[PDB]
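Visitor: Heads up: the sequence lines are chains H and G, in that order.
So the first sequence is residues 11 to 197, counted in the numbering used here.
So the second sequence is residues 656 to 948, counted in the numbering used here.
Could you have a look at this structure, given as structure tokens, before my questions?
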Amino acid sequence: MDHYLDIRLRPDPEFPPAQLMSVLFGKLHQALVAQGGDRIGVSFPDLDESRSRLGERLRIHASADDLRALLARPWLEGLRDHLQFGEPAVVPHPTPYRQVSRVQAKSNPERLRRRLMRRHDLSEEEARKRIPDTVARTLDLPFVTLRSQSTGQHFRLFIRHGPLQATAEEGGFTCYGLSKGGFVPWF
Amino acid sequence: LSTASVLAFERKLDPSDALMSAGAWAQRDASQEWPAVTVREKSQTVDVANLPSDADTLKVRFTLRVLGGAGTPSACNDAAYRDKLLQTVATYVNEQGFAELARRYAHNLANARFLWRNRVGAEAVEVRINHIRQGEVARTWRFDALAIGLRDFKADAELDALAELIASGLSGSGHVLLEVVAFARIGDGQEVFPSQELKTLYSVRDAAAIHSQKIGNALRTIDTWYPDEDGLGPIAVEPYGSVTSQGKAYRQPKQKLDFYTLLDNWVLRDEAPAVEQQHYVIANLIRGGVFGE
Numbered sequence: 011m012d013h014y015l016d017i018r019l020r021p022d023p024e025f026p027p028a029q030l031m032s033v034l035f036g037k038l039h040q041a042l043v044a045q046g047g048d049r050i051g052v053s054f055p056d057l058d059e060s061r062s063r064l065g066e067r068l069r070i071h072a073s074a075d076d077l078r079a080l081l082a083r084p085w086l087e088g089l090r091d092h093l094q095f096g097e098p099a100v101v102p103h104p105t106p107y108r109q110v111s112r113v114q115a116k117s118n119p120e121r122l123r124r125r126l127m128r129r130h131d132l133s134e135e136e137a138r139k140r141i142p143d144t145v146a147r148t149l150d151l152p153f154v155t156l157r158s159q160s161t162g163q164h165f166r167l168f169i170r171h172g173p174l175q176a177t178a179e180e181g182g183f184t185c186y187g188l189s190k191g192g193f194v195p196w197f
Numbered sequence: 656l657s658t659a660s661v662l663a664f665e666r667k668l669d670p671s672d673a674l675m676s677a678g679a680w681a682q683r684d685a686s687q688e689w690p691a692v693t694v695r696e697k698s699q700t701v702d703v704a705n706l707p708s709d710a711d712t713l714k715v716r717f718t719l720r721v722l723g724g725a726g727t728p729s730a731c732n733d734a735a736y737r738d739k740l741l742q743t744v745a746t747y748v749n750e751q752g753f754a755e756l757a758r759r760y761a762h763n764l765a766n767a768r769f770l771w772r773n774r775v776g777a778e779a780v781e782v783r784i785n786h787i788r789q790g791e792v793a794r795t796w797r798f799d800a801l802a803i804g805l806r807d808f809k810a811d812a813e814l815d816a817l818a819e820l821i822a823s824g825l826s827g828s829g830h831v832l833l834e835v836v837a838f839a840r841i842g843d844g845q846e847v848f849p850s851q852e853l854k855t856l857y858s859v860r861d862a863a864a865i866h867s868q869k870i871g872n873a874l875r876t877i878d879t880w881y882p883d884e885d886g887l888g889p890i891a892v893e894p895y896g897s898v899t900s901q902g903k904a905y906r907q908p909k910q911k912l913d914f915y916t917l918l919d920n921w922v923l924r925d926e927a928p929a930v931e932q933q934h935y936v937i938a939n940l941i942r943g944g945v946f947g948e
């Protein structure tokens with residue numbers, strides 16, 4: 011997009027920084043479900059793909075008015091002493107483009123068992139012989155553990171950063187703000 | 656002259672166990688019949704505790720006691736080391752009282768850090784502290800915990816009144832019993848964070864609650880004197896000062912900041928260290944432990 015914001019996390023020993031980035035991601039998700047919009051992207055410039063880590067700095071991508079609407083809401087309350095802020099900057103030129111994606115797999119196939127028996131109404135031995143437990147895929151993507159408001163559960167949502175492109179075209183971002191066609195400047 | 660082979664110090668500053676009850680806001684001073692959070696089991700098997708459907712505030716209740724006489728050990732072998740330690744802490748307590756320590760402790764008591772996971776994301780939080788001399792309450796404090804941040808020990812008039820009450824306790828001149836109530840505007844239908852067992856939530860009889868040692872480890876987070884960096888903030892005062900979450904050993908004994916090194920340089924080698932290190936030493940003596948071989 012045209013403008014970006016990097017907020018830096020405060021060094022916190024008594025809470026490990028994965029939990030702070032978890033609650034920051036949850037704050038961003040409830041902010042996007044509170045305000046809406048389809049052209050709001052996320053980027054994390056400090057990706058270490060070798061250790062599958064996201065880093066210390068995160069970057070939102072929106073217009074100027076959406077940025078100063080985001081800084082003018084009480085979602086910043088309670089944690090101003092828990093991170094540092096940024097400034098509405100112009101994107102440098104040139105910058106390459108990439109993705110952000112939540113990749114889930116059939117990590118333990120009991121959900122596939124219950125869906126297949128809610129659909130087929132067959133025997134449990136048929137679900138045992140049809141698909142084995144070897145369909146469990148393993149992922150080397152960075153993940154973030156989020157809770158819920160209605161159906162409360164800790165789940166790791168993986169982060170896949172796509173390949174390095176050169177030109178950004180039309181595309182949207184979902185209610186989780188990940189790339190569903192919309193590209194973000196990597197710099 | 657050398658150390659004792661065994662040496663143990665009973666703790667002062669004993670907290671209680673903090674049970675949690677729920678109710679809605681604006682009954683913050685009508686909070687006597689509030690039902691408590693019961694824990695329920697949903698589905699592996701996972702225990703879970705949620706706020707009720709029509710309530711946004713949580714009542715957290717525990718009790719504090721201040722004892723005093725923090726220089727005397729509970730067990731000691733040779734008398735020369737004990738009398739040397741007693742005259743050392745006598746020179747410390749008559750040079751300066753417990754005033755900086757009680758100031759930092761009342762500062763940590765004013766902000767509601769003892770809700771560990773249950774503090775962040777809250778709308779409004781406020782504490783209410785009662786001194787109970789006889790069976791009736793004798794005085795009252797009132798602090799907004801959102802006013803005082805987690806980054807610095809600040810100054811205030813009522814905070815100084817609380818600090819002189821705590822220093823009156825630690826000097827041994829009086830008995831201190833404090834009832835601490837906390838409120839927290841969070842919302843309805845959110846999950847609460849009691850202590851985790853070894854998965855089950857820690858519970859008093861049909862009510863979720865908090866361990867005493869979690870409240871204690873919260874209330875001694877005053878060590879702002881780490882040798883390497885100090886932008887980290889305050890630390891729970893511990894010999895070989897470390898952290899189970901971040902996983903690193905501040906005051907590491909390769910440096911001359913380890914608690915036992917300061918102790919045997921002060922008492923045996925007779926080299927009194929810096930005054931904030933002396934405050935850290937007396938804080939570790941307040942914490943208690945096993946010292947010797």
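Cβ coordinates follow ideal geometry from the N, Cα and C atoms, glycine included.
1. For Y107(H), write down the residues that DSSP places opposite it in a beta bridge.
2. In whole angstroms, give me the CA-to-CA distance for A691(G) and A677(G).
3. Quick one, which residues of the stretch 824-841 of chain G are near chain H if we go by CB-CB under 9 Å, in chain order?
4. Nearest chain H C-beta to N705(G) closer than 9 Å, yes or no?
5. Given that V113(H) touches chain G, what residues does it touch there, using C-beta distances under 9 Å?
6. Counting only C-beta atoms, is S850(G) closer than 9 Å to chain H at any point?
7. Measure the Cβ-Cβ separation of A673(G) and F769(G) and say whether it is below 9 Å.
8. Counting contacts by CB-CB distance shorter than 9 Å, is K116(H) in contact with chain G?
9. By the criterion of Cβ-Cβ separation under 8 Å, what are the contact partners of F25(H) in chain G?
10. Using a Cβ-Cβ cut-off of 9 Å, state whether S160(H) counts as contacting chain G.
11. Can you name the residues of chain H whose CB is closer than 8 Å to the CB of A777(G)?
12. Any heavy atom of the ligand SAH within a distance shorter than 8 Å of the CB on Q901(G)?
13. What does the alpha-carbon distance come out to for the pair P882(G) and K909(G)?
14. Hey, does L887(G) have any beta-carbon neighbour from chain H nearer than 9 Å?
15. Measuring CA to CA, which of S133(H), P98(H) and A146(H) is closest to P119(H)?
16. Counting C-beta neighbours from all protein chains within 10 Å, is the total for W680(G) 16 or more, i.e. buried, or is it exposed?
17. On a CA-only basis, which of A725(G), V775(G), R783(G) and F798(G) is nearest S686(G)? Give me that one, please.
18. Short of 7 Å in beta carbon distance, which residues of its chain neighbour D815(G), apart from the five on each side in sequence? Order them along the chain.
19. Using C-beta distances below 6 Å, list every residue in its chain close to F54(H), excluding the 5 sequence neighbours before and after it, in chain order.
20. Find the residues of chain H that neighbour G804(G), judging by a C-beta separation of less than 8 Å, and give them in chain order.
21. Taking the C-alpha atoms as reference points, what is the distance between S858(G) and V33(H)?
22. Establish whether the CB of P21(H) and some CB of chain G are separated by less than 9 Å.
23. Output the residue ranges of the beta strand (DSSP E) runs that lie fully inside the stretch 823-868 of chain G and measure 3 residues or longer, sorted by chain position.
24. Name the residues in the stretch 666-697 of chain G whose C-beta lies less than 7 Å from a C-beta of chain H; which are they?
25. Can you check DSSP and say which residues form a bridge with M675(G)?
26. Tell me the rounded alpha-carbon separation between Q163(H) and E755(G).
27. By the 10 Å Cβ neighbour count, where 16 or more other Cβ atoms means buried, how is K854(G) classified, buried or exposed?
28. Taking the straight line between their C-alpha atoms, what separation do you get for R166(H) and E59(H)?
29. With 16 as the cutoff for other CB atoms within 10 Å, does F95(H) come out buried or exposed?
30. Could you tell me whether the Cβ of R128(H) comes closer than 9 Å to any Cβ of chain G?
Guide: Looking at the atomic coordinates:
1. Per DSSP, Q175(H) and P195(H).
2. 5 Å
3. From the stretch 824-841 of chain G, no residue has a Cβ closer than 9 Å to chain H.
4. yes
5. Within 9 Å Cβ-Cβ: nothing; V113(H) doesn't reach chain G, min ~24 Å.
6. no
7. yes
8. Residue contact with chain G for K116(H): absent (no Cβ-Cβ distance below 9 Å to any residue of chain G).
9. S900
10. yes
11. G88
12. As for the ligand SAH, it is missing from this structure, which has no ligand bound.
13. One Cα belongs to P882(G), the other to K909(G), and the distance between them is close to 12 Å.
14. Chain H has a Cβ within less than 9 Å of the Cβ of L887(G).
15. Looking at the Cα atoms, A146(H) is the closest of the given residues.
16. exposed
17. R783(G)
18. none
19. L64, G65 and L68
20. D91
21. Going from the Cα of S858(G) to the Cα of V33(H) covers about 26 Å.
22. yes
23. 831-840 and 862-865
24. none
25. For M675(G), which the question treats as bridged, DSSP gives the partners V715(G).
26. Rounded to the nearest angstrom, the two C-alpha atoms are 44 Å apart.
27. exposed
28. Their backbone Cα atoms lie some 17 Å apart in a straight line.
29. Flag for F95(H) reads exposed.
30. For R128(H), the answer is no, since every Cβ of chain G falls outside 9 Å of its Cβ.
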